[PDB]
Amino acid sequence: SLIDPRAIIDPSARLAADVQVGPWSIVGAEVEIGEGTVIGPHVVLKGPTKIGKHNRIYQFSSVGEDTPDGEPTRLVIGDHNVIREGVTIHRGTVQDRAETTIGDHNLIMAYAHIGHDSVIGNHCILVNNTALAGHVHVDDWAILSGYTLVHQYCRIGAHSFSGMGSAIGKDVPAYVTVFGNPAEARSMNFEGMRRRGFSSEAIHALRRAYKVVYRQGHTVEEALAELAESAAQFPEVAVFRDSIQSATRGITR
Amino acid sequence: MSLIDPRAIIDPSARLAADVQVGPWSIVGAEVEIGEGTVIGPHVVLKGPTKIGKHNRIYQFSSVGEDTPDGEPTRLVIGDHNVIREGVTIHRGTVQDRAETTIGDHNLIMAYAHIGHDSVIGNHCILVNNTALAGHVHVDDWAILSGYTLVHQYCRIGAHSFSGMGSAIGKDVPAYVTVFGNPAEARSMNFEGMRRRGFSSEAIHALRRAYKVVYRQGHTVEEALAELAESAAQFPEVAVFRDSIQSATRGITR
Amino acid sequence: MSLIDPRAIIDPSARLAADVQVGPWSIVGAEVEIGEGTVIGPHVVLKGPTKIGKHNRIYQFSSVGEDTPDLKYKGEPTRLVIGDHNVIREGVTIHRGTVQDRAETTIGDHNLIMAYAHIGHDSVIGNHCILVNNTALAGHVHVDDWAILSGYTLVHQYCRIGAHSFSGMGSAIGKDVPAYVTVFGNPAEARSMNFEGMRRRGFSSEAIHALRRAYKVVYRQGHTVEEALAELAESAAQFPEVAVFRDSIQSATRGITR
Ligand SMILES: N#Cc1ccc(CN(Cc2nnc(N)o2)C(=O)CSc2ccccc2Cl)cc1
Ligand SMILES: N#Cc1ccc(CN(Cc2nnc(N)o2)C(=O)CSc2ccccc2Cl)cc1
Ligand SMILES: N#Cc1ccc(CN(Cc2nnc(N)o2)C(=O)CSc2ccccc2Cl)cc1
Ligand SMILES: [Cl-]
Ligand SMILES: [Cl-]
Ligand SMILES: [Cl-]
Ligand SMILES: [Cl-]
Ligand SMILES: [Cl-]
Ligand SMILES: [Cl-]
């Protein structure tokens, strides 16, 4: 039996035929689970929530809860995600998007917290006890090391990196490496660029870009103007320029 | 359908008010008392001697009323209208201290927060995710401890005080004071909280002056306490600030 | 009052000593071996290949013996070995090793692993250690005997935590911690030595005196690690405790916490 007889499946929950649900797990009202998803034992799923295909949800996780902070609120999870033990994921709020969104191929490790209205892209890694306070946007390939704490409304750029125990209060531009409490910009995620097979011309253009923004005494407005030529030439320097441009809380330094 | 789920384990000695709800696979241990309107979620472990009041809400994977990992009976007393989120750990007292861990009313204890043995939480406190109270910690009314605040043993957290995220508090936090970092450092006062509480402009103004007296005028704790005496008799809110510095045994956060 | 609760799941490949206690809604997975006098609480997940020794106590919501989620691991027959008289509190996560290292996570005897602590792949814990609430060992972390890691201590991969060392609450350890050294903050900084622990253990005043002197040689006299190790050589020959300290600086591959 794919659905263990000790599991609780709410009559309003919609499941694909091959979904697996472990013992003592609760698939609450308005939960939707897609093809090939494996729900481990002792899992609490609450809705309105959509869980896509080939996901893996480990024991003691509480996914789709109401934020502790009849309003129609939602949580949407994509495909091929791994949600480890004790992870807490809250649904969105009417006083925003009404949605917490998680894309594809993400790895959300033990006791990580995804606050209401957060948006996670694809291929992200949120290491043990990473906490997103709420309204946090995490772009593609970002890595947040163990116990990274993220202030509300913060944007974590594409391929960015945070060291363990970092406390992020400002936006992290794309590819930037950040460390400490409060978080400070240190360098670019060159190891990340190598894993993805970026060209030597692109890696050099990104190293040049970091210096314009952080190591040349330029203001945000001064740096953005100087980056315009490199961003037009390289689509990845454009990813860097855009994350600085769209920063609301200022950039991490 | 049934208020007490048939899959839950309820010890014969536990005392539950008629309308108490217990979710599936929860354990309500011996000598655990639960008051009217309380909702115990699924997968909850409740150990005693413990008294839980009225209209509380306890979420899944919480362990409430456990013995300390660090024999006369030791209690855990929880008040009314509290919210205890998932994976919260609350230990009972130790006979060598007060033999009781106490939590008042209208508290919000968020996911994975830890309340060490012999800790006392007042009313209307917010303990954000993973806040940890090492033991013998006193948290006075309306305190806000942001995500992952670590509080050293025997520390006192003043009324209406605030800690920033990831704060590591080794010293007493006076009432109203905002603390940040590891190690925690005093920054200002939570004037925002005062206004939400309906404090008068005059009370707020006297507290602002009280902060300056303690932290920005080079006074010793003794000189500061004598200078605050006058304003403290005029305003009960300044007497609260002055009393928290007077009661400091680990010194104040600077 | 059956020792194995009827609501618990015992895989038929699991090997248990006859007096093993297993609480309701606990899972004793495939290839899990449990020794005499061990008590498994309710709501515990045990996965293998795992050996759990004698007189252990494993609390509710713990996940012991899982695979590391780390992208480098690929379903290998890796192990977790836990010794005797250990206490694993509620919500603790312990992962098995990886073939890329020595394919084993090892925990010795008389350890206290407090609530929500994390023991990453290929970590080695000795004896009489205390890992306070939410301490996290990223992976390949070696914790020698009698170390105390205070609440929310974070340890970088491959770090070595020396015997009788101490970390303050919220420490972020990125380099090796020599034996007896006390470290605080993010990033961790060396402060002094755990003289309190040395006294509790019954070290002679002569040994304590020579350890205090050894700390100054390494940290307070502006010497290099090579110079410091040559200067400590004779004190190390007369005091096993100084040899323990000297060895921890010798074996440091990530540099020592300064
Ligand atoms: N898949 C993967 C993956 C990728 C990057 C990281 C980032 N990273 C370094 C690292 N790389 N491999 C490991 N195990 O750790 C940390 O977060 C260390 S801190 C930590 C680590 C684990 C647990 C608790 C804590 Cl506190 C971590 C895992
Ligand atoms: N009810 C409430 C309430 C009141 C004050 C706070 C204080 N606060 C800022 C904030 N306000 N609303 C939200 N969600 O966060 C934090 O603790 C941020 S850190 C954090 C936040 C949430 C989770 C994990 C972490 Cl680490 C938080 C919640
Ligand atoms: N058995 C034991 C034992 C030995 C040393 C320690 C080291 N220690 C000081 C201390 N001693 N007794 C208590 N309760 O705390 C801390 O880790 C403080 S931080 C903390 C503490 C507890 C929970 C969460 C946090 Cl964050 C802790 C426990
Ligand atoms: Cl066998
Ligand atoms: Cl054995
Ligand atoms: Cl990676
Ligand atoms: Cl514990
Ligand atoms: Cl400490
Ligand atoms: Cl001493």
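Structure determination for the deposited model, as stated in its record, used X-ray crystallography, and the stated resolution is 1.9200 Å.

Thoughts on the interface of chain B and chain C
The partner chain C presents 20 residues to the 28 residues of chain B that form the contact. Taken over both partners, the interface formed by chain B and chain C buries close to 1800 Å², and the fraction arising from carbon and sulfur atoms is 64%. Sorting the residues of chain B by area buried against chain C places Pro69, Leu150 and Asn182 of chain B first, and these three jointly supply 26% of that buried surface. The partner of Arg89 of chain C in a salt bridge is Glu66 of chain B, and the shortest N-O contact between them spans 3.3 Å. Where chain B meets chain C, there are nine residue pairs in polar contact. Looking at the side of chain B that touches chain C, the elements that each hand over two or more residues are β10 (63-66), β13 (89-91), β22 (150-151) and β25 (168-169) of chain B. In the side of chain B that touches chain C, the residues fall into 13 nonpolar, 11 polar and four charged.

Observations concerning the sheet that holds strand β4 (residues 27-28) of chain C
Strand-to-strand pairing in sheets goes through backbone hydrogen bonds, with the strands running parallel or antiparallel. All names here are of chain C. Read across the open sheet, the nine strands follow the order β1-β4-β7-β10-β13-β16-β19-β22-β25; overall the sheet is parallel. Each having just a single partner strand, β1 (9-10) and β25 (172-173) make up the two edges of the open sheet. Pairing analysis gives two bridges linking β1 to β4, with the strands arranged parallel. From the neighbouring strand, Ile10 faces β4, where its bridge partner is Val28.

Comments concerning the packing of helix α2 (residues 205-219) of chain C against helix α4 (residues 240-250) of chain C
Residue and element names in this part refer to chain C. The contact between α2 and α4 brings their axes to 9 Å, and the two run at 25 degrees. Comparing the axis directions of α2 and α4 gives the class roughly parallel. As α2 runs across α4, the sense of the crossing is right-handed. Along the contact surface, α2 presents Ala207, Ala210, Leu211, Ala214, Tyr215 and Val218, while α4 presents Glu241, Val242, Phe245 and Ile249. Grouping the constituent residues of the contact of α2 with α4 by class yields nine nonpolar, no polar and one charged.

Description of the domain arrangement of chain C
All names here are of chain C. Annotation of chain C at the domain level lists domain 1 (1-192) and domain 2 (193-258). Listed as interface residues are 24 residues of domain 1 and, on the opposing side, 23 residues of domain 2. Run the count over domain 1 and domain 2 and you get zero salt bridges. Counting the contacts that link domain 1 with domain 2 gives 14 residue pairs in polar contact. Secondary-structure elements contributing two or more residues to the side of domain 1 that touches domain 2 are β26 (181-184) and β27 (189-193). Here the side of domain 1 that touches domain 2 takes four residues from β27, the largest share from any one element. Taken together, the residues of the side of domain 1 that touches domain 2 sort by class into 13 nonpolar, six polar and five charged.

What counts, and at which threshold
Residues numbered from 1 in each chain as written, not as in the entry; some residues may be left out. Chains lettered and ligands numbered in written order. Heavy atoms only, no water. Contact = heavy atoms within 4.5 Å. Buried area = accessible area lost by both parts, 1.4 Å probe. Salt bridge = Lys/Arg side-chain N within 4 Å of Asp/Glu carboxyl O. Polar contact = N/O pair within 3.5 Å; in protein donor to acceptor, adjacent residues only side chain to side chain. Helix = DSSP H or I, 4+ residues; strand = E, 2+ residues; numbered from the N terminus. Nonpolar A, V, L, I, M, F, W, Y, C, P; charged D, E, K, R; others polar. Pairing = 2+ DSSP bridges. Axes fitted to C-alpha atoms, helices over the stretch in contact; angles between N-to-C directions. Parallel < 35°, antiparallel > 145°, perpendicular 65-115°, else oblique. Left-handed = near helix turned anticlockwise from the far one by under 90°. Domains from an automatic or database assignment.

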